[PDB]
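*Asks:* Below you will find the structure I want to go over with you.
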Amino acid sequence: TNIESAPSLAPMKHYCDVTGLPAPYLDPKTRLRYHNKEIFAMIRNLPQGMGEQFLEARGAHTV
Amino acid sequence: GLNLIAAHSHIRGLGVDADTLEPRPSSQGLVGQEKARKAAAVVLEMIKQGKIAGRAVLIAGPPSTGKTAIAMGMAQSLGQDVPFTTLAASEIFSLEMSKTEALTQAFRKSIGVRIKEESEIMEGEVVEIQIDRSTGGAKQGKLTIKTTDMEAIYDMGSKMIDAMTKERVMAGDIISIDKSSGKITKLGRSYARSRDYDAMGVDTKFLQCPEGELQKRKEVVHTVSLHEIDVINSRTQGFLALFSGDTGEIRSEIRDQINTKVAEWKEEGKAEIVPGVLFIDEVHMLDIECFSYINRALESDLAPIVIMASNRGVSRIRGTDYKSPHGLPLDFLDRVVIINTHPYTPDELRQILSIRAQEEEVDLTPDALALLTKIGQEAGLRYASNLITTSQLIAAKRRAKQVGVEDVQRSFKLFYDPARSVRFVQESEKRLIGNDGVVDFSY
Ligand SMILES: Nc1ncnc2c1ncn2[C@@H]1O[C@H](COP(=O)(O)OP(=O)(O)O)[C@@H](O)[C@H]1O
């Protein structure tokens with residue numbers, strides 16, 4: 001039939017977009033998920049285009 | 001503050017060399033009483049060491065010889081690490097409970113259960129709160145929080161949105177959230193948002209934003225007494241009786257169950273047991289029924305060390321009609337070692353008066369200190385210590401910057417010592433009401 005799966009209804013776990021470690025925090029500015037203040041420090045001073053790449057690694061985008 | 005200057009306020013500890021238990025001639029506010037301070041330090045060591053259970057120590061000596069001061073010095077040199085219960089023996093004559101029950105509760109208060117636990121606490125400044133309240137309420141909402149090091153946004157579950165609205169949490173508020181309970185404490189208002197707080201009056205304080213991670217595990221080390229566990233288990237709000245009183249006589253089978261459970265927690269390693277001290281001030285106010293209970297209460301494994309002070313000589317035991325040393329029955333005195341306090345020498349009185357003149361904001365001229373020392377020898381340490389306050393108040397009436405002999409002389413003249421008070425009584429026996437009820441009111 002070639003139509004053959006559906007999304008899960010379970011809530012997904014949250015991982016840091018940078019280091020992949022678990023992420024308690026979601027940055028409201030760039031919407032990257034991050035592990036700790038050390039990674040937040042690099043996120044907020046990323047080269048301007050890089051934020052969309054960390055999203056795109058999980059298929060997320062601003063648009 | 002709310003602590004005023006009081007008779008023991010100068011006692012900061014026991015004044016003993018911790019490396020050797022050698023008492024220093026003076027330190028930490030204790031003067032002399034060296035052998036008694038050494039013995040109290042040996043008791044202090046085995047209190048901290050915990051391995052020894054249910055020993056009773058009596059401190060015996062004339063009034064004003066530092067018995068309470070040594071008791072206060074031990075309490076100050078144990079601190080929070082060990083439960084310290086102070087009981088005036090007058091206190092157990094309750095109308096709510098029998099005196100052996102009151103005396104049981106005092107022993108139970110003196111053993112701590114130390115329980116070590118963690119929680120994740122989230123703390124920071126609220127950047128904003130959105131709650132839709134979509135008729136209806138608490139449907140959905142987002143929370144932004146920052147420290148100085150991080151900012152994060154959270155979707156809130158509905159029972160958290162109730163908590164936020166219950167605490168009227170607002171942009172700029174510095175909050176802690178305990179996650180597992182979900183209680184919110186507003187630690188303060190952030191200074192940067194001060195302009196927003198138009199309803200807050202100018203008396204309002206403000207704070208700097210928190211620092212570090214928004215979330216961390218903070219470990220709390222609770223210590224809860226056996227008495228508190230006993231009272232908690234009495235009724236559906238048993239703890240509420242830990243404040244108002246109105247505990248009954250707690251049933252023995254409740255205590256016996258709790259002792260078994262606390263032995264389980266110890267063996268399971270979930271809790272430590274922390275033996276404290278019960279200090280019974282003026283233990284001779286107890287009666288013969290009390291001493292009989294104490295004798296076997298001390299044989300319990302979960303007994304504190306009991307420390308006791310008595311003024312009394314060979315004196316009538318209460319609740320009977322015969323006399324014994326300290327007013328304590330010999331069968332009880334068989335279970336007790338005794339520390340003696342001696343009277344002070346004139347230089348020790350001078351030093352105690354000096355210390356008391358440091359704790360009170362008083363300047364004594366050297367001749368005023370010499371006169372108070374002489375008065376202390378003649379009229380007792382306590383009376384000369386009460387002349388210190390009196391002399392400062394008289395000096396301030398004459399606007400003097402230092403207390404002079406004139407002020408001490410006015411004090412001695414205005415306020416009688418016990419001996420002159422007795423002599424006044426022994427002269428006024430016709431004007432004072434006698435033990436016969438007889439009195440003459442005529443001139
Ligand atoms: N050795 C001492 N060092 C410092 N202050 C003392 C000393 N002995 C007694 N005092 C103080 O003098 C007063 C009387 O002593 P206190 O300990 O109350 O005697 P008692 O308890 O035997 O009546 C208290 O204010 C106490 O703090």
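Each chain in the structure tokens gets a letter, A, B, ..., in the order shown, and its residues are numbered from 1; ligands are numbered from 1 in order too.
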Quick check: residues of chain B within 10 Å of chain A, only C-alpha atoms, returned as an mmCIF file with C-alpha atoms, in the first residue's frame.
*Replies:*
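Final file, out_24.cif:
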data_model
loop_
_atom_site.group_PDB
_atom_site.id
_atom_site.type_symbol
_atom_site.label_atom_id
_atom_site.label_comp_id
_atom_site.auth_asym_id
_atom_site.auth_seq_id
_atom_site.Cartn_x
_atom_site.Cartn_y
_atom_site.Cartn_z
ATOM 1 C CA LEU B 143 7.094 30.532 31.504
ATOM 2 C CA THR B 144 10.413 32.229 30.757
ATOM 3 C CA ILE B 145 13.003 32.290 33.560
ATOM 4 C CA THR B 147 19.582 33.475 35.778
ATOM 5 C CA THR B 148 22.486 35.746 34.868
ATOM 6 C CA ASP B 149 23.971 32.708 33.085
ATOM 7 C CA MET B 150 20.954 31.261 31.235
ATOM 8 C CA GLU B 151 17.424 31.850 29.980
ATOM 9 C CA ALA B 152 14.829 29.144 29.314
ATOM 10 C CA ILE B 153 11.161 28.795 28.377
ATOM 11 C CA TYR B 154 8.785 26.153 29.770
ATOM 12 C CA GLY B 212 24.295 29.706 37.939
ATOM 13 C CA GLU B 213 22.042 27.076 36.428
ATOM 14 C CA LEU B 214 18.283 27.501 36.576
ATOM 15 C CA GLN B 215 18.062 23.964 37.993
#
*Asks:* Give the residues close to ligand 1, within 6 Å, counting only C-alpha atoms and all ligand atoms; write them as a list in words.
*Replies:*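 After applying the 6 Å limit, what remains is residues 7, 8, 29, 30, 31, 32, 33, 63, 64, 65, 66, 67, 68, 69, 352 and 382 of chain B.
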*Asks:* Export, as an mmCIF file, in the first residue's frame, the selected residues with C-alpha atoms.
*Replies:*
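Output (part-v1.cif):
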data_model
loop_
_atom_site.group_PDB
_atom_site.id
_atom_site.type_symbol
_atom_site.label_atom_id
_atom_site.label_comp_id
_atom_site.auth_asym_id
_atom_site.auth_seq_id
_atom_site.Cartn_x
_atom_site.Cartn_y
_atom_site.Cartn_z
ATOM 1 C CA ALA B 7 22.697 36.886 82.116
ATOM 2 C CA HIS B 8 24.421 34.236 79.962
ATOM 3 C CA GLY B 29 33.560 33.933 78.315
ATOM 4 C CA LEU B 30 34.165 31.379 81.082
ATOM 5 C CA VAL B 31 36.429 32.286 84.011
ATOM 6 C CA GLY B 32 37.820 29.800 86.508
ATOM 7 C CA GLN B 33 35.795 26.678 87.354
ATOM 8 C CA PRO B 63 24.158 29.287 94.018
ATOM 9 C CA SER B 64 25.869 31.594 91.506
ATOM 10 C CA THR B 65 28.835 29.215 91.081
ATOM 11 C CA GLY B 66 28.522 28.769 87.313
ATOM 12 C CA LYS B 67 26.376 25.633 87.097
ATOM 13 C CA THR B 68 23.973 27.084 84.518
ATOM 14 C CA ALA B 69 26.871 28.889 82.815
ATOM 15 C CA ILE B 352 33.494 38.043 85.369
ATOM 16 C CA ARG B 382 24.856 38.389 90.861
#
*Asks:* Which one is closest to residue 416 in chain B: B:443, B:332, B:383, B:197? Count only C-alpha atoms.
*Replies:*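 Selected residue with least distance to residue 416 in chain B: B:383.
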*Asks:* So that I can see what lies close to residue 232 in chain B, please list as a list in words the residues with an atom at most 12 Å from it, counting only C-alpha atoms and leaving out residues fewer than 4 positions away in the same chain.
*Replies:*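 Contacts, in chain order: residues 224, 225, 226, 227, 228, 236, 237, 238, 239, 240, 241, 242, 243, 247, 250, 254, 255 and 258 of chain B.
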*Asks:* Applying 10 Å and only C-alpha atoms, which residues near residue 408 in chain B remain after dropping the ones on its own chain fewer than 5 positions away? List them as a list in words.
*Replies:*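 Returned residues: residues 364, 367, 368, 369, 371, 372, 375, 384, 387, 388, 389, 390, 391, 392, 394, 395, 403, 413 and 414 of chain B.
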*Asks:* I'd like the contact shell of residue 284 in chain B - 7 Å cut-off, only C-alpha atoms, skipping same-chain residues fewer than 5 positions apart - returned as an mmCIF file with C-alpha atoms, in the first residue's frame.
*Replies:*
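Listing of part06.cif after writing:
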data_model
loop_
_atom_site.group_PDB
_atom_site.id
_atom_site.type_symbol
_atom_site.label_atom_id
_atom_site.label_comp_id
_atom_site.auth_asym_id
_atom_site.auth_seq_id
_atom_site.Cartn_x
_atom_site.Cartn_y
_atom_site.Cartn_z
ATOM 1 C CA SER B 310 21.226 21.245 92.036
ATOM 2 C CA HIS B 326 21.036 17.236 96.919
ATOM 3 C CA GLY B 327 17.471 16.286 97.778
ATOM 4 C CA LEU B 328 17.949 13.267 95.504
#
*Asks:* Can you measure CA of residue 315 in chain B to CA of residue 285 in chain B for me? One decimal in Å is fine.
*Replies:*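 Between these atoms lies a distance of 11.3 Å.
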*Asks:* List the neighbours of residue 51 in chain A out to 12 Å using only C-alpha atoms; skip same-chain residues closer than 2 positions along the sequence, and give me the result as a PyMOL selection string.
*Replies:* chain A and resi 17-18+27+29-33+40+42-49+53-58+60-62
*Asks:* Save out the residues we just selected, C-alpha atoms, as a PDB file, in the first residue's frame.
*Replies:*
ATOM      1  CA  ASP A  17      21.013  20.188  20.053  1.00  0.00           C
ATOM      2  CA  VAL A  18      24.740  20.877  20.492  1.00  0.00           C
ATOM      3  CA  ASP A  27      16.421  28.783  24.767  1.00  0.00           C
ATOM      4  CA  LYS A  29      15.660  33.249  21.610  1.00  0.00           C
ATOM      5  CA  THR A  30      17.039  30.682  19.149  1.00  0.00           C
ATOM      6  CA  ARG A  31      14.892  27.664  20.184  1.00  0.00           C
ATOM      7  CA  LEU A  32      17.966  25.467  20.558  1.00  0.00           C
ATOM      8  CA  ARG A  33      17.837  22.935  23.381  1.00  0.00           C
ATOM      9  CA  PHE A  40      24.140  28.374  26.365  1.00  0.00           C
ATOM     10  CA  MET A  42      28.316  29.183  22.920  1.00  0.00           C
ATOM     11  CA  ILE A  43      24.745  29.170  21.553  1.00  0.00           C
ATOM     12  CA  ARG A  44      24.178  32.885  22.181  1.00  0.00           C
ATOM     13  CA  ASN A  45      27.440  33.762  20.371  1.00  0.00           C
ATOM     14  CA  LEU A  46      27.188  31.326  17.455  1.00  0.00           C
ATOM     15  CA  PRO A  47      28.141  32.520  13.975  1.00  0.00           C
ATOM     16  CA  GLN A  48      24.929  33.979  12.654  1.00  0.00           C
ATOM     17  CA  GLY A  49      23.944  31.147  10.300  1.00  0.00           C
ATOM     18  CA  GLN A  53      22.039  24.122  11.260  1.00  0.00           C
ATOM     19  CA  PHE A  54      21.641  22.782  14.809  1.00  0.00           C
ATOM     20  CA  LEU A  55      17.878  22.889  14.239  1.00  0.00           C
ATOM     21  CA  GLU A  56      18.199  21.320  10.777  1.00  0.00           C
ATOM     22  CA  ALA A  57      20.120  18.361  12.230  1.00  0.00           C
ATOM     23  CA  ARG A  58      16.791  17.412  13.846  1.00  0.00           C
ATOM     24  CA  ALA A  60      13.608  21.691  12.574  1.00  0.00           C
ATOM     25  CA  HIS A  61      13.835  25.110  10.939  1.00  0.00           C
ATOM     26  CA  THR A  62      12.728  28.684  11.446  1.00  0.00           C
TER      27      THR A  62
END
*Asks:* According to DSSP computed on the backbone, where in chain A is there strand (DSSP E or B)? Give the residues as an MDAnalysis selection string.
*Replies:* chainID A and resid 15 22 25:26 33:34
*Asks:* Would you save the residues of that selection, restricted to C-alpha atoms, as a PDB file, in the first residue's frame?
*Replies:*
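out_1.pdb, freshly written:
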ATOM      1  CA  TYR A  15      18.230  16.366  24.171  1.00  0.00           C
ATOM      2  CA  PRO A  22      19.827  15.589  27.942  1.00  0.00           C
ATOM      3  CA  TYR A  25      16.357  23.961  28.988  1.00  0.00           C
ATOM      4  CA  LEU A  26      14.974  25.408  25.760  1.00  0.00           C
ATOM      5  CA  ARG A  33      17.837  22.935  23.381  1.00  0.00           C
ATOM      6  CA  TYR A  34      20.899  22.966  25.604  1.00  0.00           C
TER       7      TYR A  34
END
*Asks:* May I ask which of the residues B:173, B:287, B:363, B:198 is the closest one to residue 89 in chain B, counting only C-alpha atoms?
*Replies:*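 Closest residue, counting only C-alpha atoms: B:287.
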*Asks:* Write out as a PyMOL selection string the set of residues from range 11-54 of chain A that DSSP, computed on the backbone, places in helix (DSSP H, G or I).
*Replies:* chain A and resi 37-43+50-54
*Asks:* Can you write just those residues out, C-alpha atoms, as a PDB file, in the first residue's frame?
*Replies:*
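Saved to part-v6.pdb:
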ATOM      1  CA  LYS A  37      25.230  27.341  30.925  1.00  0.00           C
ATOM      2  CA  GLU A  38      28.485  26.419  29.153  1.00  0.00           C
ATOM      3  CA  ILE A  39      26.537  25.430  26.026  1.00  0.00           C
ATOM      4  CA  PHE A  40      24.140  28.374  26.365  1.00  0.00           C
ATOM      5  CA  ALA A  41      27.254  30.587  26.307  1.00  0.00           C
ATOM      6  CA  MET A  42      28.316  29.183  22.920  1.00  0.00           C
ATOM      7  CA  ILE A  43      24.745  29.170  21.553  1.00  0.00           C
ATOM      8  CA  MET A  50      24.867  28.268  12.610  1.00  0.00           C
ATOM      9  CA  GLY A  51      21.689  28.257  14.716  1.00  0.00           C
ATOM     10  CA  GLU A  52      19.604  27.019  11.778  1.00  0.00           C
ATOM     11  CA  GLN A  53      22.039  24.122  11.260  1.00  0.00           C
ATOM     12  CA  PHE A  54      21.641  22.782  14.809  1.00  0.00           C
TER      13      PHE A  54
END
*Asks:* Quick one: pull the distance between CA of residue 189 in chain B and CA of residue 205 in chain B, Å, one decimal.
*Replies:*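 One can read the CA of residue 189 in chain B to CA of residue 205 in chain B distance as 7.4 Å.
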*Asks:* CA of residue 417 in chain B and CA of residue 351 in chain B are how many Å apart?
*Replies:*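 These two atoms are separated by 20.6 Å.
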